[PDB]
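Participant: Build me a structure from this.
(chains A, B, C and D, ligands or ions: 4)
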Amino acid sequence: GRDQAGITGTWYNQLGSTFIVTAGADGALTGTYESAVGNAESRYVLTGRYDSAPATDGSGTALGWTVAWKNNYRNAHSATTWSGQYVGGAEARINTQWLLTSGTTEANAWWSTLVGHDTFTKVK
Amino acid sequence: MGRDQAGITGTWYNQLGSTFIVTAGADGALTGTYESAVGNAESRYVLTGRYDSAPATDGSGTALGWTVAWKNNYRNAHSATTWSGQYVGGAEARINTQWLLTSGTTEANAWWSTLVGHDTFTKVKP
Amino acid sequence: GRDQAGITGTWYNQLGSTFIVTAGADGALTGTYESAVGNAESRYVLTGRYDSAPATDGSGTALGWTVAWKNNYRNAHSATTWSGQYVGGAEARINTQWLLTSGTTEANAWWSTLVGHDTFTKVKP
Amino acid sequence: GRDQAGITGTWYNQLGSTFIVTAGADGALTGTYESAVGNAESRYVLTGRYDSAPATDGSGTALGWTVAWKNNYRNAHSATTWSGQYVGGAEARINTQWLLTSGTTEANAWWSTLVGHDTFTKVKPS
Ligand SMILES: O=C(CCCC[C@@H]1SC[C@@H]2NC(=O)N[C@@H]21)Nc1cccc(S)c1
Ligand SMILES: O=C(CCCC[C@@H]1SC[C@@H]2NC(=O)N[C@@H]21)Nc1cccc(S)c1
Ligand SMILES: O=C(CCCC[C@@H]1SC[C@@H]2NC(=O)N[C@@H]21)Nc1cccc(S)c1
Ligand SMILES: O=C(CCCC[C@@H]1SC[C@@H]2NC(=O)N[C@@H]21)Nc1cccc(S)c1
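Facilitator: Numbers count the residues shown, from 1 in each chain, chains lettered A, B, ... in the order given. Ligands and ions are numbered 1, 2, ... in the order given. Coordinates below:
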């Protein structure tokens, strides 16, 4: 993939969260996520997909990934999905939006899902 | 094994007739394929995701999510959909999701890059 | 306003909430919302906008409204916006997605905002 | 306490859209929005609500407003609702998440809604 080199590596969000990922040539994202916020301790497995043949009009590369917030330290009974685009060049960034869904009883389902945005850069 | 690995592993159908075949792994992995029924999509695309392999036993649903990049060997729509939701098991087993579809865009068009919606998957055709 | 009549009146969500609205010829939505879930006691003011000259190809009518969850009896320090479209006809619906934002500290901002959907109908489910 | 004066005024988002708004004592927001992107020309009416009695623990003031993209110059068959919170003081700002829905056929309904986020400050941007 074209941005397999630019994607693979270590990324930091605005809050201090760290994302390490390897971009496969087929389009896989594999890695670990470590949150600066929430009911999270240490690293959690991340799996994802990216467009491995983007357009060539200076358009970004579409990707997305999931982290379920269970590891050998803790279980928040929740999962976050990040949807977004990788932009490369001088100040590469992954700009995302996300949905964090918690497992709830039916009664509480209406309030199961938070939404937000995250920008990741190669430096922080 | 995961508590809902057997419940989750299988074929799922949403309200639009899109179909998703997933294997739940013991660790929390979800792997499989998605066939969309709407938009710039043709045949099967790879899906990868994660689920809570040890959910609450208070009768809460099981948190999960998965991602489809809309490239396969026949088409590329330059976009990706992430589904975030939860699995409820039983006779009327379902997966309730909210989703995000991001297209690759220029910076001028970034502001309108991401669609939002909701899908409900059941084990039967709608 | 084309769907001014079809929009005006009482609507119900699948969760037993009710919304009463008057659609003005100007594209105003005015009315009140009465909850069935959340820190929500009784009636709350609603204000919003609708497209008063829709397309004529069988497309819906875009609209949105806000409720700040403060009335004379309770205050949840939060607000919901509903963005959606009105579809009229035999089985008239208003299909929405919404954002519920709570007032927070900067520390807790990242989890200020919940997201969901609701479908409103003219008949009480 | 009441941020009527704080909220009331001229705001600009990161893309140079302008938002003139008057907060009322009853929790009303009224004014105009002029966009810098999309099918928009000049000013559109906005109406909304804010919490007229917010917490006193450093919390922001929850708010929300709507613009239907119809005026005497253009009709884009859509509406945007912003949901967010006002924070006063230095770097007084309104942080929002937004949903933009267009009227569609039932066939195109799955992709009727865009999502994003906007931050408004009183300083017009670059
Ligand atoms: O605690 C967790 C699980 C880990 C949170 C990580 C999130 S994912 C989006 C954002 N971006 C980051 O980097 N970190 C945060 N969830 C949860 C559920 C319900 C209420 C609350 S307060 C917290
Ligand atoms: O065409 C595609 C890619 C495949 C769409 C499948 C979606 S994913 C969420 C939802 N759930 C399903 O089962 N199907 C739909 N994207 C795209 C981008 C920009 C404008 C438009 S119209 C379409
Ligand atoms: O729940 C409320 C106030 C009542 C709204 C309930 C929602 S608004 C969208 C949807 N449509 C309905 O009719 N009901 C639901 N506030 C609140 C604030 C902070 C945290 C939490 S959990 C709850
Ligand atoms: O073009 C418009 C009307 C103006 C949208 C401006 C947006 S509202 C959220 C964000 N915040 C701003 O300040 N600007 C942007 N609607 C429309 C309809 C159908 C398809 C598409 S792509 C766009």
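Participant: all contacts plus neighbour counts: C-alpha atoms, from now on.
Facilitator: Will do.
Participant: which SS state does the residue of chain A most remote from its centre fall under?
Facilitator: When distances are taken from the C-alpha mean of chain A, residue A:107 lies farthest, 29.1 Å away, according to CA atoms, centre = their mean. Recorded secondary structure, residue A:107: helix (DSSP: H, G, I helix; E, B strand; the rest coil).
Participant: gap between it and residue C:74?
Facilitator: Applying CA to CA, to the nearest Å, the value for residue A:107 to residue C:74 is 22 Å.
Participant: Tell me if stretch A:103-116 is near chain B.
Facilitator: Yes - on the criterion CA under 8 Å from any CA of the partner chain, stretch A:103-116 is in touch with chain B at A:103, A:104, A:105, A:106, A:113.
Participant: Can you tell me which of those is closest to chain D?
Facilitator: residue A:113 (14.2 Å; CA to the nearest CA).
Participant: so the closest one makes contact with residue C:112?
Facilitator: No - between residue A:113 and residue C:112 there is no contact under CA atoms under 8 Å: 11.2 Å.
Participant: Can you give me the buried ones in the longest strand seen in chain A?
Facilitator: The strand that spans the most residues within chain A, counting by DSSP state E, is strand A:75-87. Of all the residues in strand A:75-87, those buried under the rule 16 or more other CA atoms under 10 Å in any protein chain shown are A:75-87.
Participant: relative to strand B:44-51, how tilted is that strand?
Facilitator: 140 degrees (axes from the mean of the first three to the mean of the last three CA atoms, to 10 degrees).
Participant: Determine whether any part of strand A:75-87 lies close to ligand 1.
Facilitator: Yes - counting by CA under 6 Å from any ligand atom, ligand 1 has neighbours in strand A:75-87: A:76, A:78, A:80.
Participant: what's the closest non-adjacent residue to the first one?
Facilitator: If I follow you right, that is residue A:76. Of all residues not flanking residue A:76 in the chain, residue A:69 sits nearest, at 5.5 Å (CA to CA, 6 or more residues apart in numbering or on different chains).
Participant: give me phi/psi at that neighbour?
Facilitator: phi -90, psi 50 (degrees, to the nearest 10).
Participant: try the one 5 residues further on
Facilitator: Backbone geometry at residue A:74, expressed as degrees, to the nearest 10, gives phi -160, psi 160.
Participant: How about residue A:110?
Facilitator: Dihedral angles for residue A:110 - degrees, to the nearest 10 - are phi -60, psi -20.
Participant: do residue A:5 as well
Facilitator: phi -80, psi -50.
Participant: for it, what are its contacts?
Facilitator: The contact partners of residue A:5, by CA atoms under 8 Å, 6 or more residues apart in numbering or on different chains, come to residue A:23.
Participant: How about residue A:64?
Facilitator: Counted by CA under 8 Å, 6+ apart, residue A:64 has contacts A:48-50, A:81-84, B:67-69, B:80-82.
Participant: now the strands for chain A?
Facilitator: A:9-12, A:18-23, A:28-34, A:43-50, A:61-70, A:75-87, A:93-102, A:113-121.
Participant: so which of these gets nearest ligand 2?
Facilitator: strand A:61-70 (10.4 Å; CA to the nearest ligand atom).
Participant: Could I get the CA-only coordinates of the closest one as CSV?
Facilitator: Extracted C-alpha coordinates of strand A:61-70, given in CSV (Å, rounded to 0.1, in the frame of the first residue of the first chain):
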residue,chain,number,x,y,z
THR,A,61,-6.4,7.6,2.9
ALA,A,62,-9.5,6.2,4.5
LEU,A,63,-9.1,3.9,7.5
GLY,A,64,-10.7,2.9,10.8
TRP,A,65,-9.9,0.7,13.8
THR,A,66,-11.4,-0.8,16.9
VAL,A,67,-10.1,-1.2,20.5
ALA,A,68,-12.1,-3.3,22.9
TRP,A,69,-11.2,-2.0,26.4
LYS,A,70,-10.3,-5.4,27.9
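Participant: Please identify the residues of chain A in proximity to chain D?
Facilitator: A:97, A:116, A:117.
Participant: so which of those is the most crowded?
Facilitator: Among these, residue A:97 has the most neighbours (other CA atoms under 10 Å in any protein chain shown), with 24 neighbours.
Participant: Can you name the residues bridging to it?
Facilitator: Under DSSP bridges, the beta-bridge partners of residue A:97 are residue A:83, residue A:117.
Participant: quick one, what contacts it?
Facilitator: Taking CA under 8 Å, 6+ apart as the test, what residue A:97 contacts is A:82, A:83, A:84, A:115, A:116, A:117, A:118, B:100, D:116.
Participant: before we move on, what about residue A:78?
Facilitator: Neighbours of residue A:78 in contact, by CA under 8 Å, 6+ apart: A:68, A:69, A:70, A:100, A:101, A:102, A:103, B:52, B:62, B:63, B:64.
Participant: could I get those residues as a markdown table with distance to ligand 4?
Facilitator: Shown next, in a markdown table, are the contacts of residue A:78 (distance: CA to the nearest ligand atom, whole Å):
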| residue | distance to ligand 4 |
| --- | --- |
| A:68 | 30 |
| A:69 | 31 |
| A:70 | 35 |
| A:100 | 22 |
| A:101 | 24 |
| A:102 | 27 |
| A:103 | 30 |
| B:52 | 34 |
| B:62 | 33 |
| B:63 | 30 |
| B:64 | 29 |
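Participant: Please point out which parts of stretch A:15-26 sit buried.
Facilitator: Under 16+ other CA under 10 Å, the buried positions of stretch A:15-26 are A:17, A:18, A:19, A:20, A:21, A:22, A:23, A:24, A:25, A:26.
Participant: ok, the last one touching residue A:53?
Facilitator: So that's residue A:26. No - when contacts are counted by CA under 8 Å, residue A:26 is not listed as touching residue A:53 (9.6 Å).
Participant: Find the residues that touch each one of the two.
Facilitator: Common neighbours of residue A:26 and residue A:53 (CA under 8 Å, 6+ apart) are residue A:1.
Participant: mind saving the C-alpha coords of the longest strand of chain A as PDB?
Facilitator: C-alpha atoms of strand A:75-87 as PDB (Å, rounded to 0.1, in the frame of the first residue of the first chain):
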ATOM      1  CA  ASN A  75     -12.200  -4.700  31.400                       C
ATOM      2  CA  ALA A  76     -14.300  -1.600  30.900                       C
ATOM      3  CA  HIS A  77     -17.000  -3.600  29.000                       C
ATOM      4  CA  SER A  78     -16.700  -1.200  26.100                       C
ATOM      5  CA  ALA A  79     -15.200  -0.700  22.600                       C
ATOM      6  CA  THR A  80     -14.100   2.400  20.700                       C
ATOM      7  CA  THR A  81     -14.100   2.600  16.900                       C
ATOM      8  CA  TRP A  82     -12.100   5.300  15.200                       C
ATOM      9  CA  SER A  83     -13.100   6.300  11.600                       C
ATOM     10  CA  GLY A  84     -11.000   8.800   9.700                       C
ATOM     11  CA  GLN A  85      -8.300   9.600   7.200                       C
ATOM     12  CA  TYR A  86      -4.500   9.600   7.100                       C
ATOM     13  CA  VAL A  87      -3.000  12.700   5.600                       C
END
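Participant: do it and ligand 2 meet?
Facilitator: No - taking CA under 6 Å from any ligand atom as the criterion, strand A:75-87 and ligand 2 are apart, separated by no less than 11.5 Å.
Participant: what's the spacing between that strand and its chain's center?
Facilitator: 5 Å (CA atoms, centre = their mean, to the nearest Å).
Participant: For stretch A:115-124, give me every contacting residue.
Facilitator: So stretch A:115-124 is contacted by A:9-14, A:16, A:91-100, C:110-111, C:113-115, D:97, D:117 (CA under 8 Å, 6+ apart).
Participant: buried set for that stretch?
Facilitator: So for stretch A:115-124, counting by 16+ other CA under 10 Å, buried means A:115, A:116, A:117, A:118, A:119, A:120, A:121, A:122.
Participant: what's the closest non-adjacent residue to the fifth one?
Facilitator: Yep, that's residue A:119 we're talking about. residue A:95 (4.4 Å).
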